[PDB]
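Encoded as structure tokens, the following chain is the form deposited in one PDB entry, with no partner shown.
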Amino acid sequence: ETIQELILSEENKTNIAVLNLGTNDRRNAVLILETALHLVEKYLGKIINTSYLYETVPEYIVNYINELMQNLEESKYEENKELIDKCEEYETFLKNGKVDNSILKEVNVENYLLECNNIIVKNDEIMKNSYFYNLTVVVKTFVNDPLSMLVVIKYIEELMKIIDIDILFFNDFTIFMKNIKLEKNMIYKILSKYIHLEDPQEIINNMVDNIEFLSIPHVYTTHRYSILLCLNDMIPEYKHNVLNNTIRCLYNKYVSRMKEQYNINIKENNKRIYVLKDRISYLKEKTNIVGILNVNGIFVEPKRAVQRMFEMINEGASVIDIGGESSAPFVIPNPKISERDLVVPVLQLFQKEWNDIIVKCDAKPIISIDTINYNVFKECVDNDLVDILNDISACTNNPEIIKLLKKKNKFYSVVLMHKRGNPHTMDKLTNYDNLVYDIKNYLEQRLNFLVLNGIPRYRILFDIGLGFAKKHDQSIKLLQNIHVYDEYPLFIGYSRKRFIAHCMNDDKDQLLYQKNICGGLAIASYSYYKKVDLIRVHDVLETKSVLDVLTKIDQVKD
């Protein structure tokens, strides 16, 4: 073993890798980055963190996808979708603690900086001769070393044929290898260790020329805003030995320096993205209406419900939230009929009736299902009936449902809502030490749990659960302080809740029904100025009319 002593070593280890994923195809960004995300889970190890998606300014200065997915070679390492609460190796990575010794030879901090600076200054005047879509992931990887991992990454880039995947960190290592040449047989041997290889011929041809040197950290880690922007979401307290500071301090200095040194305000043109289904949404650029479809006095027939769905589409709802449970305080569900029996038939009919399309392939509303029950969501998702899980337990009731959010090539988005107890008990469970931050921190802990378990950060929506184990003054208090969610994708449901009525001064009890809907439009307005991303409403047309007037008043004509 001249080259293969330790590189091909049978002794299996667990490393932490931090990757950067980039594309400049805006229209296909989500499909390309998430196809890269699936090849990372498949070939490199386990995804235990992701940044938001960003639309980023170029910083040079400083459906064959669908075909491919049916024809992939099998990893020699097993998938494990089982939930985890902890990852020790990742704990160790973050404290810069004692991971295993590098099989690739390390440089010291001063040599690293010398060689890093040389690549950039040489890369600057080479460059002196569209938007980016960026994402970072932390991977718990079975790959033995960064060079091994770069070889597998370049294979992933080749399968995909558009995509840049870089290694930013690998363990606490500092590495600068200058004139790497791996023979084609050596590349095959490294791929074979991680993959059951079966047109992977000309691919090995390509890769020999392409792996020229190996920098860990990445040279541009510290020099691109787009990279620090992403790392700041995942690992802000991280300090590599080669960095003047923690990633958050590096991120903050960069933002500041652009203000004071150039008067730029760099956030304006590097935009945070959340994904509801398969398309980019710019965080805080739009208040989408989520139309409520309660399939539950009882016996809501599927035909009636589906025509309500079509009504709500025409009234301007961009999302439909269907549910067969009832969450009102002090009530129990319908006599016999099961949750699945209420929602699946409705959804199956809707899906058929929409398929009688004419030809608007992007006037289709996103479907959200309000369920905490695995069996219902499992059936909805297998039968392509829903896009979004609306879990009012924040996946707490049965965290197994988190496994259903990851299909082989698909990812589903999810709303995490705060409540305490159940409908009968929740009006009792009203004591908070720090209401606003208690609830915010709960949702942040839930998101960390999903993200640790491989759910993309940008597919996760926060919801404060207004009226769920909150007094009316507490529901109000969370709306007063909603700015607390300014960095995050936000979903709220005020519609027709008792607290609205508590705000009002003082036909037969239907005068209170009217003031309640009219009071909700006040909140729709408030939400609009607070740039709330989604509002769950019963009254789609009334809310739509309000958001259109407010939108028009904001648009300056020329």
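Rigid core here is just the name for the largest C-alpha set that superposes within 1.5 Å across the two forms. Throughout, we count residues from 1 along the sequence that is shown.
Of the other PDB entries for this protein whose models extend past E212 on both sides, does at least a third leave it without coordinates?
No: coordinates for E212 present in every compared entry.
When the other PDB entries of this protein are compared, is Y52 left blank in at least a third of them?
No, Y52 is modelled in every other compared entry.
I'd like to know the size of any gap between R257 and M258, counted in deposited residues with no coordinates: none, 1 to 3, 4 to 9, or 10 or more.
According to the record, the chain runs unbroken from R257 to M258.
Look up the CA B-factors in the entry and say which stretch, 42 to 50 or 24 to 32, has the higher mean.
Comparing 24 to 32 with 42 to 50, the higher average CA B-factor belongs to 24 to 32.
Identify the stretch, either 84 to 92 or 437 to 445, whose C-alpha atoms have the larger mean B-factor according to the entry.
Between 437 to 445 and 84 to 92, it is 84 to 92 that shows the higher mean C-alpha B-factor.
Candidate residues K140, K122, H223, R248, the one whose C-alpha B factor the record puts highest
Within the set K140, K122, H223, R248, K122 shows the top C-alpha B-factor.
Which of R420, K286, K364, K267 ranks first by CA B-factor in the deposited coordinates
When the deposited C-alpha B-factors of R420, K286, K364, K267 are compared, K267 is largest.
Select lowest, middle or highest to describe the third in which the CA B-factor of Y64 falls within its chain in this entry.
Highest third.
C-alpha B factor of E400, ranked within the chain: lowest, middle or highest third?
For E400, whose C-alpha B-factor we compare with every modelled residue in the chain, the answer is the lowest third.
Divide the modelled residues of the chain into thirds by Cα B-factor and specify which third, lowest, middle or highest, holds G454.
It falls in the bottom third of the chain.
Going by the entry, which third of its chain does the Cα temperature factor of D486 land in?
Answer is lowest: the recorded C-alpha B-factor places it there.
Chain-wide C-alpha B factor ranking for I195, given as lowest, middle or highest third:
According to the entry, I195 has a C-alpha B-factor in the chain's middle third.
This next part talks about the form deposited in another entry, which is not shown.
Considering only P399, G316, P345, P333, which residue exhibits a C-alpha shift of no less than 2 Å between the shown form and the other one, with the rigid core used for superposition?
Of all the options, the C-alpha that shifts by at least 2 Å belongs to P333.
Are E444 and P329 closer or farther apart at the Cα level in the other entry than shown, by 3 Å or more?
It is farther: in the other entry, the C-alpha atoms of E444 and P329 lie at least 3 Å more apart than they do here.
Just say closer or farther for the C-alpha distance from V331 to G291 in the other entry, relative to the shown form; it changes by 3 Å or more.
Farther apart in the other entry, by 3 Å or more.
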